[PDB]
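Here you get one chain, nothing else, as structure tokens; it is the form deposited in one PDB entry.
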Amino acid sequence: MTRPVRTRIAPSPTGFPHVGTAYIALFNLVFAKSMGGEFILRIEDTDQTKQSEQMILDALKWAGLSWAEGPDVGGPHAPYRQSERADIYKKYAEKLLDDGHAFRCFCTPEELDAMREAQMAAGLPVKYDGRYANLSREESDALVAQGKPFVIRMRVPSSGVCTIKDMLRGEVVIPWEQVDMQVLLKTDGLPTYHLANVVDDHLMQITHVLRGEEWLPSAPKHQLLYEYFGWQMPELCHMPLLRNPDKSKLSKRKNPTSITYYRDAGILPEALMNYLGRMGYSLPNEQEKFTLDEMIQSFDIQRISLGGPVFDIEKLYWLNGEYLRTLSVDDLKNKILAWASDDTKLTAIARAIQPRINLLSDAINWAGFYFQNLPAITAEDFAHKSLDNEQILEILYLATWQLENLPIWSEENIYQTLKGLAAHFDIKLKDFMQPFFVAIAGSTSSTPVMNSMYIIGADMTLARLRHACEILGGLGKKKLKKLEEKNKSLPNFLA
């Protein structure tokens, strides 16, 4: 078909930029480049902040990725933001309705809940039961005239199996019964993931998509949508799931999953991408150190993994060390200084330590922790006269979660959040904060910890509170599940 290869990444900004987003973005960039093609970027802002787009775009630039087209560099298939394409998705959703491949569902939320509880009570599969699938087109129009709100749902074949072609794995066979009557257009007239992905991929002339294997169950729905529109479905290759060393799905409890954390901790971007390539791929000779160009030159789809690479942070650090030693001394110096040369950060640090230093040589002692990764702490450091080991862990966990949700990482937001927590538990603040000095600075005496947390940033602050919870033994599965419920019940602490 000699159709120009084009791939994309379609991140949905939700605060911290995830390593998985860079990992997937890496392999679409690599494949497209190895075929003489283009790699573009599309922001799928689902509104689940205004600047959260800038967060993800900056995190991918630092990581070493770049895109031919996108919301910032422009492109022929603009706009490259889902928020600015609402008219497009509604247009095509109604085209499926016209062609009989979709139908309006008028079920209310109460009716859907009842439908799900009846199925569970009968042990039946929990899925949409086709309440409005057989409604004729004229009848569907009549209810819209009465003002009945509705969604648009895709039809699904009644029997048989779906046959998907994966570039690496080959044939994929999923029974059609296991495919939901997916909601394409919501009541507010905005799309769901599946309608927007098919429409945007086709209009931007995407030819290949590489995505996590978690999306395999969705693949039949994508095939149906392309058939309904009469569009050429791009080829699909599924990447292996990122895992913790214990082989569970990657999670921020064991090790951080933020790109900007690894920047703040001292990992060169080239090393991080080097390691994420090894999470789903092996080069022709199984070389563990390589650059993006080396990976592109010899890229082979059949070398993509389905096996059991794991995300061992210690191995990532080893690899970074091999990068650091292959730099010249001058390059290393300029990298250390640049990595710590944020003028705004330095001014704040001087303001913080000015009351406590008697010599210029005291600065390194009071300000050293601002540039460490994880301070050297022990369970005994968290000794507390008023609070016991269990209560300290609860404070660290609840604070970690509440702090993770801040729309902006400001000193005042941090203060209102931890002050709100202390007030909610009727613990005087000075006792409430004793653990944070240990976790953040590594000792009981330091600069005001709330200001230190603002300076080091969200990624480092959260990495040191989670480390402290590990240092204190963590909490069991049962005791932690209850604590998570307690967290959902907390009030909003921001005025």
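Only the largest set of C-alpha atoms that superpose within 1.5 Å between the two forms is called the rigid core. One-based numbering along the sequence shown.
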property: Residues with no coordinates between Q48 and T49, taken from the deposited sequence as a class; result: 1 to 3
property: 381-389 versus 103-111 - which carries the larger mean C-alpha B factor in the record; result: 381-389
property: Selected stretch [higher average CA B-factor]: 407-415 or 247-255; result: 247-255
property: C-alpha B-factor winner, where the candidates are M295, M239, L268, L225; result: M295
property: Selection by C-alpha B-factor (highest) of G123, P217, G277, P157; result: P157
property: Assigned third (lowest, middle, highest) for the C-alpha B factor of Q119; result: lowest
property: CA B-factor placement of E38, once the chain's modelled residues are sorted into thirds; result: middle
property: Ranked C-alpha temperature factor of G170 among modelled chain residues, by third; result: lowest
property: Chain-relative CA temperature factor third for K488; result: highest
property: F299 - which third its CA temperature factor falls in, relative to the rest of the chain; result: highest
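What comes next is about the form deposited in another entry, which does not appear here.
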{"item": "Residue from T344, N334, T163, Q297 whose Cα, after superposing the rigid core, lies 2 Å or more away between this form and the one not shown", "value": "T344"}
{"item": "C-alpha of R211 moved at least 2 Å between this form and the one not shown on rigid core", "value": "no"}
{"item": "C-alpha of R356 off by 2 Å or more between this form and the one not shown on rigid core", "value": "yes"}
